[PDB]
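What follows draws every value from the coordinates through simple rules; no lab data is involved. As a convention, Cβ positions derive from the backbone with ideal geometry for all residues, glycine included, and neighbour counts pool all protein chains shown.
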Amino acid sequence: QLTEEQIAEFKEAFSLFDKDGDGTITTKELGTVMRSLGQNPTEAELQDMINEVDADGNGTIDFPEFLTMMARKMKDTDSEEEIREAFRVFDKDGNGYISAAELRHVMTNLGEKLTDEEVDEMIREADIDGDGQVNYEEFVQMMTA
Amino acid sequence: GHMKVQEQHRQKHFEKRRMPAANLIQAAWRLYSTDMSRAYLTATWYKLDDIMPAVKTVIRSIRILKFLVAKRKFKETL
Ligand SMILES: [Ca+2]
């Protein structure tokens, strides 16, 4: 279901990592591209990211694994269920909602905290009626196309 | 085993999930925002995306990998 050209777009992105052109993305090439953009991942973080798509076990990413990951994004069934399970962790009522203030409070105080502008763009992307409750499920339907 | 000390233990069995749960939402939102955020709605990114569309696709590929790691670490807290 992928056009011959959007496959060529992912091949162009793959080749940016795979500089030596040997068909694999190592931690060296993945981290080099990440750090040229100003990111600073640890070596363990590079291994964890590669292990999520390395279906062979040699510790590298090849192009078939790459375009499968790029085509899937978050549209899979497992992502939709897990992301919602993460939202329910902050749902006391069990309603499928969470107050816009508690969502803002959780996003800016836990884990990789969002900036003030990040969480403001998230609250704008969800819609709020009445008390101030987002329907976080129709939110994960939006994120997972 | 006996009474309340489970209700204050069940609080903590669950409290170690709130950080990986937030990380999953934050990684998912940052991945979703890659193709809709105002951060990319500037003349600089439009031109950058015209001469080299691979740069934005690389940024997306990195965010997808980070979403997958985050989704795993949250599943490992179940
Ligand atoms: Ca290589």
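Numerical summary
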quantity	calculated
Selected residue (criterion: surrounded by the most Cβ atoms within 10 Å (Cβ to Cβ)) from residues of the stretch A:54-75 that are closer than 13 Å to B:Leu65 by Cβ and free of Cβ contacts under 8 Å to residues at least 12 places away in the same chain	A:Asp54
Close pairs (6 angstrom Cβ cut-off, 6 or more residues apart or separate chains): within 16 Å of B:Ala28 (Cα to Cα) in the stretch A:116-127, in a helix (DSSP H, G or I) anywhere	A:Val119/A:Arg104; A:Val119/A:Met107; A:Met122/B:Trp29; A:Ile123/A:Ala100; A:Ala126/A:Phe139
Filter pass, B:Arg18 being surrounded by fewer than 20 Cβ atoms within 10 Å (Cβ to Cβ) and either touching a strand residue (DSSP E or B) at 6+ places or on another chain (Cβ under 7 Å) or at the interface with chain A (Cβ under 7 Å from one of its Cβ atoms) (or both)	yes
Complete set of residues in the stretch A:9-38 that are more than 8 Å from the ligand (Cβ to nearest atom), charged (D, E, K, R) and over 16 Å from B:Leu65 (Cα atoms)	A:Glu9, A:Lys11, A:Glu12
Count of the stretch A:19-42 residues which are assigned to a loop (DSSP other than H, G, I, E, B) and either of a type in the set (A, V, I, L, M, F, W, C) or without any contact (Cβ under 8 Å) to a residue 40 or more places away in the chain (or both)	11
Cβ pairs under 9 Å, 6+ apart, first in the stretch A:131-145 and at the interface with chain B (Cβ under 9 Å from one of its Cβ atoms) and of a type in the set (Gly, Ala, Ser), second surrounded by fewer than 17 Cβ atoms within 10 Å (Cβ to Cβ) and outside any helix (DSSP H, G or I)	A:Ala145/A:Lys75
Set A:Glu121, A:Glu117, A:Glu45, A:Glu82: member being within 11 Å of chain B (Cβ to nearest Cβ), surrounded by fewer than 13 Cβ atoms within 10 Å (Cβ to Cβ), assigned to a helix (DSSP H, G or I) and touching a helix residue (DSSP H, G or I) at 6+ places or on another chain (Cβ under 9 Å)	A:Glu117
Residue satisfying condition, being of a type in the set (S, T, N, Q) and surrounded by 14 or more Cβ atoms within 10 Å (Cβ to Cβ), within set B:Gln26, B:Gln11	B:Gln26
Failed item in (1) away from chain B (no Cβ under 11 Å); (2) within 15 Å of the ligand (Cβ to nearest atom), with A:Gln1 passing the rest	(2)
A:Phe87 being within 14 Å of the ligand (Cβ to nearest atom) and in contact with a helix residue (DSSP H, G or I) (Cβ under 6 Å, 6 or more places away or on another chain)	no
Residue that is within 24 Å of B:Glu76 (Cβ to Cβ), out of contact with any strand residue (DSSP E or B) (no Cβ under 8 Å at 6 or more places or on another chain) and surrounded by fewer than 12 Cβ atoms within 10 Å (Cβ to Cβ), where the choices are A:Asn51, A:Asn109	A:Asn109
Conditions (1) under 24 Å from B:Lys56 (Cβ atoms); (2) out of contact with any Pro (no Cβ under 9 Å at 6 or more places or on another chain); number of the one not met by A:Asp78	(1)
